[PDB]
> 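My structure is below; once you've seen it, I'll send some questions.
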Amino acid sequence: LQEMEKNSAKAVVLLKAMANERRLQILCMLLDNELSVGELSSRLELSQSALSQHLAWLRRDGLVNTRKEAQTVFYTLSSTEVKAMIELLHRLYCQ
Amino acid sequence: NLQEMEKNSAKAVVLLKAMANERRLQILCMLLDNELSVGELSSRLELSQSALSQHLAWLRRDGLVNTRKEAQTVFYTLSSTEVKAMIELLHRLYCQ
């Protein structure tokens with residue numbers, strides 16, 4: 001069974017994208033919500049740069065969508081997989 | 001709120017780091033609703049029993065896998081409910 005290899009390939013792309021405290025926090029705060037870079041940096045207490053690297057990771061692997069308004073960059077959860085995963089992690093670890 | 005969020009995201013990230021590997025994910029997926037031995041895992045996953053031993057060592061250390069030894073053969077299972085739920089979700093998402 002090596003279809004498990006491609007399945008685990010994409011799945012591990014997702015997990016590696018999520019296997020980080022800051023990135024996981026970002027993803028958790030973006031669930032059922034839409035936040036900006038300033039809001040994320042404020043609620044997570046991070047510099048916009050240290051936040052920008054993580055957001056760059058999330059954008060590159062297609063876990064988040066970006067929308068520009070004025071001088072504000074809004075982020076949202078992108079794929080259904082990351083939405084479901086974040087929901088499950090939220091139910092298991094946040095309530 | 002946030003400090004507790006870190007308090008739990010730490011654990012969640014331990015789990016995710018443990019799962020953030022193709023071979024380890026394959027192991028965890030095969031151990032879902034199942035009890036496999038080192039031989040079975042090494043047979044279905046074409047890798048040495050030593051590399052498998054390293055992956056299983058990771059999974060044991062971070063508590064994603066319970067182990068019981070009977071007649072010199074080591075049987076592995078999924079440990080906590082969190083890991084089982086996450087693996088089930090991953091299976092539902094990437095295998096169906």
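These values consider heavy atoms only, across backbone and side chains, with no hydrogens, waters or symmetry-generated copies. The sequence lines fix the lettering, A, B, ..., with proteins before strands; numbering per chain opens at 1.
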> What are the two closest non-hydrogen atoms of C28(A) and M5(B), and how far apart are they?
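Residues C28(A) and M5(B), closest heavy atoms: CB-CE, 3.9 Å.
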> With heavy-atom distances below 4.5 Å as the criterion, would you say the side chains of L90(B) and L15(A) are in contact?
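Yes - at least one pair of side-chain heavy atoms lies under 4.5 Å apart.
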> Can you tell me how far the CG atom of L88(A) sits from the CD atom of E88(B), to the nearest 0.5 Å?
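Between atom CG of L88(A) and atom CD of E88(B) there are 9.0 Å.
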> Show your working on side chain to side chain contact (heavy atoms under 4.5 Å, CB included) between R24(B) and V12(A) and close with a plain yes or no.
CA-CA 10 Å; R24(B) 297 205 295 265; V12(A) 159; over 6 Å; no
> Would you say CG of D33(B) has more than 12 non-hydrogen atoms from neighbouring residues, nucleotides or ligands within 6.0 angstrom?
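It does not: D33(B) CG has 12 such atoms or fewer within range.
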> Taking all atoms of both residues into account, what is the closest heavy-atom pair of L25(B) and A11(A), and its distance?
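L25(B) and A11(A) have their closest heavy atoms at CD2-CB, 3.6 Å.
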> Are the side chains of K17(B) and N20(A) in touch, meaning some heavy atoms are under 4.5 Å apart?
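No, side chains not in contact.
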> Quick one: CG on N7(A) to CD on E22(B), what's the gap to the nearest 0.5 Å?
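So the CG of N7(A) and the CD of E22(B) are separated by 10.5 Å.
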> Using heavy-atom distances under 4.5 Å, tell me whether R23(B) contacts chain A through its side chain, its backbone, both, or neither.
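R23(B) touches chain A through side-chain heavy atoms alone.
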> Need one label for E6(B): side chain, backbone, both or neither, based on atoms under 4.5 Å from any heavy atom in chain A.
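Looking at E6(B), backbone and side chain both touch chain A.
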> I want to check something: taking the side chain as every heavy atom from C-beta on, are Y93(A) and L15(B) in contact at a cut-off of under 4.5 Å?
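Heavy-atom side-chain distance check passes, below 4.5 Å.
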> Is it the side chain or the backbone of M30(B) that comes within 4.5 Å of chain A heavy atoms, both, or neither?
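The side chain, not the backbone.
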> Does a sphere of radius 6.0 Å around CD in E3(A) hold more than 12 heavy atoms from other residues, nucleotides or ligands, not counting ones at 6.0 Å or beyond?
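Atom CD in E3(A) is packed in, count exceeds 12.
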> Please say whether more than 12 non-hydrogen atoms of neighbouring residues, nucleotides or ligands are located less than 6.0 Å from CD in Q2(A).
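Counting neighbours around CD of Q2(A), 12 or fewer heavy atoms of other residues, nucleotides or ligands fall under 6.0 Å, so no.
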> Just checking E4(B): does its CD atom have more than 12 heavy atoms from other residues, nucleotides or ligands closer to it than 6.0 angstrom?
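Count over threshold, so yes.
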> Does any non-hydrogen side-chain atom of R43(A) lie less than 4.5 Å from one of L2(B)?
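No - every pair of side-chain heavy atoms lies 4.5 Å or more apart.
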> Between CE of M86(B) and CG of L92(A), what distance do you get to the nearest 0.5 Å?
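Here the interatomic distance stands at 8.0 Å.
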